[PDB]
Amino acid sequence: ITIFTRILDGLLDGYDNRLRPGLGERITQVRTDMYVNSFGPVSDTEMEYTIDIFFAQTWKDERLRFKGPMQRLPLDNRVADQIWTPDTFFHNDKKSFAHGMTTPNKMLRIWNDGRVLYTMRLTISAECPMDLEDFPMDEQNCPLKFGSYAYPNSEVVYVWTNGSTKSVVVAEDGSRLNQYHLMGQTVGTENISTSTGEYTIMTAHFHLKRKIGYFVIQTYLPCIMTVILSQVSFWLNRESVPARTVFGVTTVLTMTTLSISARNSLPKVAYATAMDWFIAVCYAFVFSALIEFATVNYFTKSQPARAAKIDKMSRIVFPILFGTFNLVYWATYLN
């Protein structure tokens, strides 16, 4: 153990962590790996998502080159703080933190040739814009961008691990989401020209397809039952004005109540959503069934034969219409 105490002391004696490795000589290339331990909750209201990853980075540093019996130096964060590390930051991040129990989860390993490995565990809430036009039969793509904050392209460059280690890995246990399904992952690299030089930023996209199960139970199913409720009126006595009247208005109150409740749980966007149309049409089918009787009753005095054909015809026309509406609605958005 005393052998390694002098090796560490020798490497760090006179080591200037303020300067990057290969300053004025080479561009420090960093091979970045990643393992998604858990895909945190996604929010279609706040347009963000949380993710728990093991973010690994390896680069070249000649100052740490040593020769000894061991081929690797297993070390903790106590050394990761004393040496230089890339100040990798996440561009689209909202807030982030590195897990600290028991000690700040930072693993450092130094090989003879100077190869460094500096990985940590991060829970980060990043941005994810969404176009909820097809919501809840929706598909969104949440990116994760990260690069160096202080080092332009001339000073530092990032690249993904190619071949040995998979670029992005995701655990099946953590990927489980109540309302989304993780389709896959995509990685890429790009250069960006900013007012403080051109930086290389590394993107990692997580494709998501929304699960409609919760919404069939909450909104679609009760709406369907409430338009069928309105269409019961056609089979009741046409001459019983109070019965047909109170039935038509109470069902509108029912649909009006149902649309009020469904509104609270839906994203607060400023455009029409695929569900917003389903609720709209259903309200029209409930409102229409009421107007249907208002016409039936208006003609009862002088044109009762006409008011009878309207009601009897409405018994088949209404369900056939709402039936075909669903045939088109689901056939359109489920594609």
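For every residue, the number given is its place in the sequence shown, counted from 1.
Two stretches are in play, 99-107 and 216-224, and the higher mean C-alpha B-factor belongs to 99-107. Stretches 111-119 and 195-203 differ in mean CA B factor, with 111-119 having the higher one. The residue among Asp276, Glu292, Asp61, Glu48 whose C-alpha atom has the highest B-factor in the PDB entry is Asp61. Highest C-alpha temperature factor among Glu239, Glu139, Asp93, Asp76 per the entry: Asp76. Split the chain's modelled residues into thirds by C-alpha temperature factor. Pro304 is in the lowest one. The PDB entry assigns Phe89 a C-alpha temperature factor belonging to the middle third of its chain's modelled residues. Ranked against the other modelled residues of its chain, the C-alpha B-factor of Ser38 as given in the entry falls in the middle third. The PDB entry assigns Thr165 a C-alpha temperature factor belonging to the highest third of its chain's modelled residues. When the modelled residues of the chain are ordered by C-alpha B-factor, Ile83 sits in the highest third.
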